[PDB]
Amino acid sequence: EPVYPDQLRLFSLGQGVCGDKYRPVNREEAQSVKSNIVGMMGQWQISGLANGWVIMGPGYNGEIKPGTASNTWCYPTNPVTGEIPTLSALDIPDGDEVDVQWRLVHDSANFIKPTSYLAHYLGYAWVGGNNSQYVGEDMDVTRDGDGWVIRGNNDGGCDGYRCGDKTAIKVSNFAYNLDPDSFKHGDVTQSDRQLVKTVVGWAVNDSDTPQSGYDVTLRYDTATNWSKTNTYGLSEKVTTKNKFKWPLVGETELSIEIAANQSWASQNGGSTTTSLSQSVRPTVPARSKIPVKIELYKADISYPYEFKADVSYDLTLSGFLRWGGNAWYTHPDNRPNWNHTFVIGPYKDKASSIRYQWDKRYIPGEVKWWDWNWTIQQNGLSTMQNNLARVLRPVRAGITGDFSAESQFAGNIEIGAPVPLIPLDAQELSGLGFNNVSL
């Protein structure tokens, strides 16, 4: 009886009080899904469990201990069972688009068989070629437009009513979303940090009185030169949903942002300079001075990279629905020719989402496409779980190439031990890479 974290719900209704149809999560259940519960809480949040127990936020190391809270972690009295497992991503090596698609679509155990069986369980007829007795075998896969069509070989003869009407499965509308968090890197070569300029001087306090509460601020322009190569052509189509700053490898600081909604192959380099402003607040005793210092650096890196691009696509099933046994919610018996498309990947809408339909299967008002409860009666809960798990298995494509950067930046305005009682040659700092160094 494993709790599903995605069904946990937090309520703020007093000690051990839950929303209708919910009951409080106990200490044991909380422990089994500790990482998931804590990852839904604020830093110093403290939330209630069953029977005078409490779970603390990530700031408190997520400790489960006795105590009181006016808010409560809760779980459905009648949870939804048999969630679809999320298997691990199917990694596909980098290459040209047509080659990455090819790999995926001719994959019998990972693609053809699960998508054929999906169609078969829904009630689609004759999902298999004439050269075999089993579903998802003897399956022709054909390039067609921007997509691919999988369909039982229809050559020769066959037995069974309307066996010539083989169902087809079209996969189309491929999209590739680069996930920054998947960032790997090869052997790091060029990786050094060199101090170029170390500015010095004094901050003098003459007035007979200890001096403090004055900032010796600094401002200047940093710089970052970067580039990168794309080993293959898939990169021409991959984008990233959100703009992100290129990651920080080694000690060489970087100020690079990858723009979202823009080809990865169209973002191969850049150059930026930003007006920063280090700061410091001294406390120099009466009639004394202090040694101030500001260091300037020049660093650069070079390393082969790799991100993961999440592959998504539309799955379109067309063929006729079997007499006296199909999953369409009206359960038609006149063998209608049917078309449905599921979006395999990010959620677009209810009609095209297996996971939405699956998880709402026990809400009558919601069943307007497939009757997933019927697939379970017919084929067993675990059988459907496994099939859907494989149909919905995240596919990932590698995005490779070489990277190389360079940046100049200042350090902290450090101030040292005072002594009983600062020049900025712009032409010098200009030629060092630091322009507009107005301290």
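All residue numbers are counted from 1 along the displayed sequence.
J.: Pick one of none, 1 to 3, 4 to 9 or 10 or more for the number of deposited-sequence residues not modelled between residue 421 and residue 422.
T.: The entry leaves 10 or more residues without coordinates here.
J.: Comparing average C-alpha B factors as deposited, tell me which of 101-109 and 252-260 sits higher.
T.: That would be 252-260.
J.: Mean Cα B factor from the PDB record: higher for 396-404, or higher for 53-61?
T.: The stretch with the larger mean CA B-factor is 396-404.
J.: Out of 139, 74, 290, 169, which one has a C-alpha B factor higher than all the others in the entry?
T.: Answer, based on the entry's C-alpha B-factors: 290.
J.: For the C-alpha B-factor as written in the entry, point me to the maximum among 211, 352, 235, 268.
T.: Of the options given, 211 has the highest CA B-factor in the PDB entry.
J.: How does the C-alpha B factor of residue 367 compare with the rest of the chain: lowest, middle or highest third?
T.: For residue 367, whose C-alpha B-factor we compare with every modelled residue in the chain, the answer is the lowest third.
J.: What third of the chain, by the recorded C-alpha B-factor, contains residue 180?
T.: Middle third of the chain for residue 180's C-alpha B-factor.
J.: What third of its chain, lowest, middle or highest, does the C-alpha temperature factor of residue 241 fall into?
T.: As the PDB entry reports it, the C-alpha B-factor of residue 241 lands in the middle third of its chain.
J.: Hey, what third does residue 133 fall into on Cα B-factor, ranked over its chain?
T.: Middle third - that is where residue 133 ends up once the chain's C-alpha B-factors are sorted.
J.: Which third, lowest, middle or highest, does the C-alpha temperature factor of residue 154 belong to within its own chain?
T.: Its C-alpha B-factor, which the entry lists for residue 154, ranks in the middle third among residues of this chain.
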